[PDB]
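The structure appears right after this line, and notes come after that.
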Number of protein chains: 2
Amino acid sequence: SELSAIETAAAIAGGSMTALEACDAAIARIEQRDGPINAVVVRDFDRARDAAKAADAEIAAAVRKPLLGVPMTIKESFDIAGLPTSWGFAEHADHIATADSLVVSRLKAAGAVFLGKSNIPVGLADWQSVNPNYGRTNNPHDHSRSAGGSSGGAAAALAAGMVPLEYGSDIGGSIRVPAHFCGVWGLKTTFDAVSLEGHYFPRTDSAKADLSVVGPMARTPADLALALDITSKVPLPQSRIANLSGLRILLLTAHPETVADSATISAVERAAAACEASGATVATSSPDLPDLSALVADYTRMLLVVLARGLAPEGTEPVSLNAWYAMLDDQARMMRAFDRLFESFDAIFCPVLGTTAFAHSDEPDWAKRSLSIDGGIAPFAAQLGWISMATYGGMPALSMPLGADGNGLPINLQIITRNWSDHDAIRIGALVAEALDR
Amino acid sequence: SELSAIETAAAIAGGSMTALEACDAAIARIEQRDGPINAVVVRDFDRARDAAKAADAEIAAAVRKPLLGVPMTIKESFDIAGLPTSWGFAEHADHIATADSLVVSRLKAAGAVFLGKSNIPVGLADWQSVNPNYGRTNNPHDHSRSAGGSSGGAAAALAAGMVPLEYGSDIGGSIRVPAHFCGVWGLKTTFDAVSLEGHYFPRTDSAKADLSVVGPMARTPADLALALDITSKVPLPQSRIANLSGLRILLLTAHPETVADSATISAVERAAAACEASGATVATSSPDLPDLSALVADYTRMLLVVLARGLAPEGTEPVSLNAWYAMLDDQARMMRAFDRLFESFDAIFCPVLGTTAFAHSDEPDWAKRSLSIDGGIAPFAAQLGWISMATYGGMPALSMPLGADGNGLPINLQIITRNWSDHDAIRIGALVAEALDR
Ligand SMILES: Nc1ccc(NC(=O)OCCCCO)cc1
Ligand SMILES: Nc1ccc(NC(=O)OCCCCO)cc1
């Protein structure tokens, strides 16, 4: 019911609307809908209106750019010149960026118009989006449920239909989990495929961090593919998959360290069944699948060190630099195991998370949180296992809508493909989405 | 005089010769010429001839592979199943690799036939190729002079016309310097563009590389372009440079912490002056060129930490993991400085090294060494400055033949271009070559 980013760019080139009109309608949707959601927490409406006029001048001057005049937002952690980058920290609430980030620079060169920035948790360290500077973002499908983490403001903006395109970052599921919670499309990209420059920790110039990636978020896979081509360091190989027949799928509905809803399991099997009916082959086990239990142990270990920048708590000896090199070897080994698995399979079908969006939690300690799995208690932090494979291995993982649970909360599919095949992930997701309409 | 890898592939495809004949012709050239050179130190001739026969069964099957039946060698540090990978250590002379390295695997899938492996220094830690397992590689242009360091076997084997194609590695100039010492082509690739898998330290699986890149070595720029497209993780963007008119070049012939000799300065200026004659704009300074003295200091500090795998002497403190992360931020700061410089410039023209191939030295400590620069003595290790920019900044850098000094020792130009523009570096070098002809 809302214009996609590509449709918007065509509507401005095609003449039925101007870049200023596209920007004032987006502002109008933001103001008419954000009240109960609280997604667009930084607003730059006057500078955006001037950018739209400049875009219409380019449109008048016969200039055509793939995203020309398209209004959009970006996650609050990405630097935009003249805007605050806080990461949810009150200490950093007044840190104003003096230059655009690389991803914003690429999208602005494609002609995009940035209206503001979307909400995040403190330090981008939660699966919900709430912080002292901006407040809390509420899921648009259920205001009592969380809207996902770090990219949750982005996903709630797309789900509420305010803007057609968004961009997030993902060190522990922050593109896929919000897209899952809010039923939108999110692409965790191949590690090192998109520059993090400008995704700086506030008041620093440190943006590069292992396991972490930045990726597009939208409501259509065509929007993800185009935003990825605009933002990637180099053009990534386009997908040659025309249809689903012959596709080899490994379907994972179980994990050795966590669990999934029965609604989540049925949804993921229905996606595999719909592709099976479209000529794909679906396996449910493989001798080549790496040890998912050892994976999440290595992953959490490396994740803790990266977030602590090596510093060690409570007088513990810090991990040595020599041991950090061995951990990178452990990761590299694990990536080779996934290359062998991806010789037999084109994609992994698995949950994004074990359950749908949980009710708002004021508890910062994940060990003190809990989840309800079919009316039973499950550990909160153990759910990181579904996220760990694509993050630790570097593989791209797509989170795409599959439907909703009995309570009307969205359930998304995760599609994991081999490294550097991001366009295959998008292409397969589009075909799955069509196969479910059958 | 000798055929190139592309030319060789065409002759086999056309049927001017079979793959077995091209293989036997290469074996004969090695047996006739390697005697005084000692470049092809690991020989796999019998397995290569069976592989050549298999390639002919595929020419008869009309299979299309861009390197089918093309004989070549690889640097000894790359793994080949069944062949030793010692890195010049006597203790590792019997370490037999159990699987092909990735780069070997890619070239073989393109149809290349591997005759063997070329000589290296102990631990790849010098600008000459000499080790207890295999002996020393002598420069083909002057047997009293070193053949380049760590790829000297590769460069010398191409300079002697034994094989059309090779492949090296580079952390401190080891593609560029051997190519300069022997007057062949060598592409130092953008960091993280080609996989180091199989370039393992003997008896380990540790590619372990920061600042370390693998890239092809050949006698023609088109051979490098083909080898780069076969081996890169992802197809790199092709060059759009049709000619030299409009090319912005920044020529450096001085460096705040090192020196070059006059014959070397004269060749680099001759390449720029010939690009000027073809329509390129040349500058000899820029407000955007970062501090090369700070660069070489930080590069040396990172190089040593990387080579020591984080270990420190018993009297010194090890660099902490947190300090290592800050050093990676320092590198990212330097790379962004080169981004801005490359907004004003398409390429940098500079020396590969200050001097041509020096006489064989048996002194392992670089601090106890020194070079002769136009009759004057100069410290040996300071010459790491010319190499440091592309390795620290990660940029691609090509080393291409320009001429020779008064003793007939070749001189190469280093062409540095912005990150991910490896094909632009190849393309400019090819253009410079055709400008220095007509
Ligand atoms: N254990 C844990 C789980 C989820 C997150 N959220 C996240 O994915 O961060 C994305 C921001 C990229 C740079 O941090 C963090 C930690
Ligand atoms: N300090 C210093 C250390 C090493 C070299 N050798 C070199 O040129 O690169 C080595 C290529 C191996 C890549 O794994 C020179 C100086």
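FYI, it's all coordinate maths here, none of it is from the lab. A quick note on method: Cβ atoms are made from the backbone with ideal geometry, for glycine too, and the neighbour counts reach across all protein chains shown.
Under the definition of Cα pairs under 8 Å and six or more residues apart, what whole-number percent is the relative contact order of chain A?
Values: 1007 pairs, mean separation 71.2, N = 438.
Relative contact order here is 16 percent.
Compute the Kirkwood hydrodynamic radius of the stretch A:5-231, taking the inverse of the mean of 1/r over all pairs of distinct Cα atoms, and give it in Å to one decimal.
On the way: mean 1/r = 0.0593 Å⁻¹.
Value: 16.9 Å, from the Cα pair sum.
Could you work out the mean count of beta carbons from other protein chains within 10 Å of each residue's beta carbon in A:324-332?
Working: counts 6, 10, 4, 0, 4, 5, 1, 0, 7.
Going residue by residue through A:324-332 and averaging, the value is 4.
Along the stretch B:168-180, what does the Karplus equation 6.51 cos²θ - 1.76 cosθ + 1.60 (θ = phi - 60°) give for ³J(HN,Hα), rounded to whole Hz, x for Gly and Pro?
So the Karplus estimates, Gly and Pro as x, are x, 9, 7, 10, x, x, 7, 8, 6, 4, x, 4, 5 Hz.
Return the long-range amide H neighbours of A:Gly168 (sequence gap of 5 or more, or a different chain), with a cut-off of under 5 Å between placed amide H atoms.
A:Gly215, A:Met217
For n ≥ 4 DSSP H runs only, could you compute -39500 (n - 2.57) per run for chain A, divide by its residues and tell me the 222 nm figure to the nearest 500? Mind showing how you got there, number by number?
On the way: 12 runs with 156 residues, N = 438.
Mean residue ellipticity at 222 nm (helix-derived): -11500 deg cm²/dmol.
Assuming a ≥ b ≥ c are the square roots of the Cα gyration tensor eigenvalues, decide whether the stretch A:248-437 counts as rounded (a/c under 1.5), prolate (otherwise, with a/b larger than b/c) or oblate. Let's see the in-between values first.
Working: a/c = 2.35, a/b = 1.29, b/c = 1.81.
It is oblate, given that a/c is not under 1.5 and a/b is not larger than b/c.
Over 32 Å between Cα atoms, which of A:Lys108/A:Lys208; A:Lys233/B:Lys117; A:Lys233/B:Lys208; A:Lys208/B:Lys108; A:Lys108/B:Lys208; B:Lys75/B:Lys368 qualify? Spell out each step's value before the answer.
On the way: A:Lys108/A:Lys208 22 Å; A:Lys233/B:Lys117 34 Å; A:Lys233/B:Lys208 23 Å; A:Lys208/B:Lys108 35 Å; A:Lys108/B:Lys208 37 Å; B:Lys75/B:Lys368 28 Å.
In this structure, A:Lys233/B:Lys117; A:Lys208/B:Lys108; A:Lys108/B:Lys208 lie more than 32 Å apart at Cα.
Once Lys and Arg get +1 and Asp and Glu get -1 on their Cβ, which of A:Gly375, A:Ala404, A:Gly315 lies farthest toward the positive end of the dipole of the stretch A:248-437?
So the residue furthest toward the plus end is A:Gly315.
Across the residues of B:334-344, average count of Cβ atoms on other protein chains within 10 Å?
Numbers: counts 0, 3, 4, 0, 0, 3, 0, 0, 0, 0, 0.
Mean partner-chain Cβ count within 10 Å for B:334-344: 1.
In whole angstrom, and with the biggest value first, how far do the Cα coordinates of chain B range along each principal axis?
Here the Cα extents, ordered largest to smallest, are 59, 57, 42 Å.
Quick one: order B:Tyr325, A:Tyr167 by neighbouring beta-carbon count within 10 Å, fewest to most. The partial results should precede the final answer.
On the way: B:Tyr325 21, A:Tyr167 29.
Starting with the residue having the fewest Cβ neighbours, the order is B:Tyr325, A:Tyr167.
Residue-wise, which Karplus ³J(HN,Hα) couplings in Hz belong to the stretch A:196-211, taking 6.51 cos²θ - 1.76 cosθ + 1.60, θ = phi - 60°, and x for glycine or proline?
Whole-Hz 3J(HN,Hα) from phi for the stretch A:196-211: 9, 4, x, 7, 7, 4, x, 6, 9, 10, 9, 10, 6, 7, 5, 6.
Can you give me the Rg/Rh ratio for the stretch B:45-91, using Cα atoms for both radii and the Kirkwood formula for Rh? Show your work: numbers first, answer last.
On the way: Rg = 14.1 Å, Rh = 12.7 Å.
Reported Rg/Rh, Kirkwood definition of Rh: 1.11.
Which Cα, out of A:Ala179, B:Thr220, B:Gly135, lies furthest along the positive dipole direction of the protein assembly as shown (beta carbon charges, K/R +1, D/E -1)?
B:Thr220
May I ask you to order B:40-48, B:222-230 by the average number of other C-beta atoms within 10 Å around their residues, highest value first?
Working: B:40-48: 19.4, B:222-230: 22.6.
Result, highest mean first: B:222-230, B:40-48.
If one computes the Cα centroid of the stretch A:386-438 and of the stretch B:22-96, what distance in Å separates the two points?
44 Å
Which distances, shortest first and in nm, link B:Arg64 to the matching position in the other copies, using label points set 7 Å out along Cα to C-beta?
Label point to label point, same position, other copies: 3.1 nm.
Using alpha carbons only, how many angstrom separate the centre of the stretch A:134-155 from the centre of the stretch B:284-307?
45 Å
How would you order B:367-376, A:1-10 from highest to lowest mean count of nearby Cβ atoms within 10 Å?
Numbers: B:367-376: 12.9, A:1-10: 18.4.
Descending packing order for the listed peptides: A:1-10, B:367-376.
Give me the Å³ per residue figure for the convex hull around the C-alpha atoms of the protein assembly as shown. Before the final figure, lay out each step's value.
On the way: hull volume 152.6 nm³, N = 876.
So the per-residue Cα hull volume is 174 Å³.
Work out the mean other chain Cβ neighbour count within 10 Å for the residues of B:370-382 and drop it here as an integer. Walk me through the intermediate numbers first.
Working: counts 0, 0, 0, 0, 0, 0, 0, 0, 0, 0, 0, 0, 0.
Mean number of neighbouring Cβ atoms from other chains: 0.
When each pair of different Cα atoms in the stretch B:302-346 is counted once in the 1/r mean, what is the Kirkwood radius in angstroms, to one decimal? Please report the intermediate quantities before stating the final value.
Details: mean 1/r = 0.0812 Å⁻¹.
So the Kirkwood estimate lands at 12.3 Å.
Short version: ³J(HN,Hα) in whole Hz for each residue of the stretch A:315-329, in order, from phi by Karplus 6.51 cos²θ - 1.76 cosθ + 1.60 (θ = phi - 60°), x for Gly and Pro, what are they?
x, 5, 5, x, 4, 5, 4, 4, 6, 5, 5, 5, 5, 5, 4
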